[PDB]
Number of protein chains: 2
Amino acid sequence: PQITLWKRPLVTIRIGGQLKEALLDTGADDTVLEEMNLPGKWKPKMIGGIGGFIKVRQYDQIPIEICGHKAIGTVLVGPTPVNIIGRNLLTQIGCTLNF
Amino acid sequence: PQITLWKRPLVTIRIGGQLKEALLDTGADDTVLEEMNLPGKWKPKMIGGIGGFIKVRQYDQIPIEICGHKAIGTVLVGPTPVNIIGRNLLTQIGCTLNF
Ligand SMILES: CNC(=O)CCC(=O)N[C@@H](Cc1ccccc1)[C@H](O)CN(CC1CC1)S(=O)(=O)c1cccc(OC)c1
């Protein structure tokens, strides 16, 4: 799709069999989801945003379907204000900015 | 132009007499610039993201040029680690997400 920006670019994602709403976030390097359970190994990590740093759990090689497009990559889980899809997965689904 | 997301979507912007590098950020409702002593009236504001909140100064109707496209609107100024062009200005320069 072409998505305009007068509204938040919120899309439905499917991950671990569950449907969630998430924000397409070109200002995010990484994909960060609110507290949830995911299967398999994870590693502690820290990431920075506008207000400082948080601790997250890094899950590698996780499939997510983002607005009908498949990605498999790194998903960070922690106290983000909202589920965000970052550039690591935006690139996988062929997302560009255009003006 | 079309901007891929392999790297951060940083572009040159102009505000006041200063050229700066700024992120084209679909995940940002607002435009948030690094500390700078702009003229005019402002109002205090708090904005929140990963890590928590920062205190900013809200300046209204500030002209900004983003990649040679003219925009004018609200700019938040404060101790952000990166200059952020948010949706309030991205719409003005005709920016969309496409995949
Ligand atoms: C590994 N770190 C990252 O991927 C950064 C994630 C991130 O927080 N991105 C943000 C931009 C940023 C901030 C600080 C440094 C670098 C980029 C993000 O794209 C925009 N952020 C909101 C997203 C939910 C997090 S935000 O910067 O916090 C923001 C901007 C404008 C208005 C806001 O609230 C009204 C909030």
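Per chain, numbering begins at 1; letters A, B, ... match sequence-line order.
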- Would you call B/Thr4 and A/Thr91 a side-chain contact if the rule is heavy atoms closer than 4.5 Å? no
A/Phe99 and B/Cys67 have their tightest heavy-atom pair at CZ-SG, 3.7 Å
CG of B/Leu97 to CG of A/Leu24, rounded to nearest 0.5 Å, is 6.0 Å
Applying a strict 4.5 Å limit to non-hydrogen atoms, the region of B/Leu90 in contact with chain A is side chain
Cut-off 4.5 Å, heavy atoms of chain A, and the answer for B/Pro81 is side chain
When the 4.5 angstrom heavy-atom criterion is applied to A/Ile84 and chain B, the contacting part is side chain
Looking only at B/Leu23, B/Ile93, B/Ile85, the option with the highest number of non-hydrogen pairs under 4.5 Å against chain A is B/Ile93
Rounded to the nearest 0.5 angstrom, the OG1-CD1 distance for B/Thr26 and A/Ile3 is 9.0 Å
* Answer with yes or no whether the hydrophobic clustering places A/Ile66 together with A/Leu38; edges join I, L, V, M, F, W, Y residues whose side-chain heavy atoms lie under 4.5 Å apart. => yes
Legend entry - Cluster overlap B/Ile72 with B/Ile15, hydrophobic side-chain contacts below 4.5 Å: no
Less than 3.5 Å apart, which donor and acceptor atoms pair up between the side chains of residues 5-14 of chain B and the rest of the protein, not counting sequence neighbours?
unit_1	atom_1	unit_2	atom_2	d
B/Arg8	NE	A/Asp29	OD1	3.1
B/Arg8	NH2	A/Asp29	OD2	2.7
B/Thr12	OG1	B/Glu21	OE2	2.7
B/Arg14	NH1	B/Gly16	O	2.8

B/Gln61 atom CD, neighbour heavy-atom count above 12 within 6.0 Å: yes
